[PDB]
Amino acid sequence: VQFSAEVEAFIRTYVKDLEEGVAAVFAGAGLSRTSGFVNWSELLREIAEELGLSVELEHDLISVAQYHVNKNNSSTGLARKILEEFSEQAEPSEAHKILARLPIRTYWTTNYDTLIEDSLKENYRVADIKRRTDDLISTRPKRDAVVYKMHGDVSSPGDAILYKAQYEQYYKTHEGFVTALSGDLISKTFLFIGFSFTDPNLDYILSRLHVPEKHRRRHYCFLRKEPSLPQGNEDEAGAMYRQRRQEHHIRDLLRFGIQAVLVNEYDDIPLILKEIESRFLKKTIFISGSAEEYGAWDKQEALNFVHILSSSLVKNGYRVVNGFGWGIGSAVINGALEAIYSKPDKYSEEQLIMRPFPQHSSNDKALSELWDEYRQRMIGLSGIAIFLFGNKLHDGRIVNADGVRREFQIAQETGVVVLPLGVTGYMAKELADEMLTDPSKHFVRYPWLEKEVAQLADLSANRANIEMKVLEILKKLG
């Protein structure tokens, strides 16, 4: 759970930039491999062999590809290997799924595959996909993210950027992409992921990143640190040359404002991203609860409290994930929306997260499983969960709501801080009391929280001070 001082500073910075909304991703081929990297020599082996060349002797693979286009006067043979087959091997990394889950608004990529767009759709995120310059003219309304496919798309291989001659003229043929990228480079913090210094195309991509020093920003790029001891037909002299050479790569990236984030293995990347996610989600609050009745609370008193709580979370900079429970979810919605439109300059519709809950069975899944998948997904978008009331009618009598407990379990199992408010009674009280029954188990990560949950579980707790105590708890948890 602890990283380098350099990685640690990157985590702190990118979390903050995710919160402000200026975080961006630039994705290379490595991101579309569970491996995390690509062997370019092997990909071009056959193209070179068809020219009487060999990737062992040819170190300029961009020129080899161009020679292939020249000799056959056509892009198709090249396109089959480096675009068509290359993209069918694409697989979503763990790092890929994390980045698609986070509320990152801007994805740039030179990949041809559809993994980014596909993952966004799976996570119920409406994507504005820019596959060609024409797509840049109009903005998809209410999009959750924009995805720039700089070099085209497997969907239209004829329009993809594949070989040297196209790279050389990209600044004119695709001026719109370059202009958009230059704007994002001076307004956003990029995470470059999936790039290697054996990428034949790297220099072309990096040369597009120049901006006036007055406006230059600092960005980040994952790189695997070269291992110490030999590889293949190498000796300790060859190993040390391989390593010290990498120091010049790292310094070169600074030209473009890019700071290398070194990892010893590609498997380290998803762990760093998970840490970023967990720290970032501490400001996204899941509201769990439902009510057929309100017990020691008057209904309008309860709904008014829920409304005010939701509004305050928005006004204090939190994102609210609505559990959509009966008799609670409507007040969550109305409270958050009231705050949003109170100050449409400051707050945003992004601060209220709503996704439809299951209504009907499917042929493949019972309502049983759709509900559990819904709760897992919604809690997955949050870092803290508040539990309120929680009761429903069953065979004519009021019972504590099992679905509220299930959300509680999912949250605990996944590291989401659980904050039941026992003063609201019912399942919230049942859960608060249960936590206090084993403080060494339930309050390991935050021992100071036992006292707070105990005060808020007291049925005679002062209801006017609940909101401010919750707010102080959430700020300390962050």
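For every residue, the number given is its place in the sequence shown, counted from 1.
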If you average the CA temperature factors over each stretch, which comes out higher, 401-409 or 220-228? 220-228
Would 50-58 or 443-451 have the larger average of its C-alpha temperature factors, as given in the entry? 50-58
In terms of recorded Cα temperature factor, pick the maximum from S382, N123, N363, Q300. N363
Quick one: which of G325, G238, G317, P358 shows the highest Cα temperature factor in the PDB entry? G238
Where does the C-alpha B-factor of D345 rank in its chain, lowest, middle or highest third? highest
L419, C-alpha B-factor rank within chain (lowest, middle or highest third): lowest
According to the PDB entry, is the CA B factor of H174 in the bottom, middle or top third of its chain, that is, lowest, middle or highest? middle
Lowest, middle or highest third - CA B-factor, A457: lowest
By the entry's values, the third containing the CA B factor of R245 is the highest
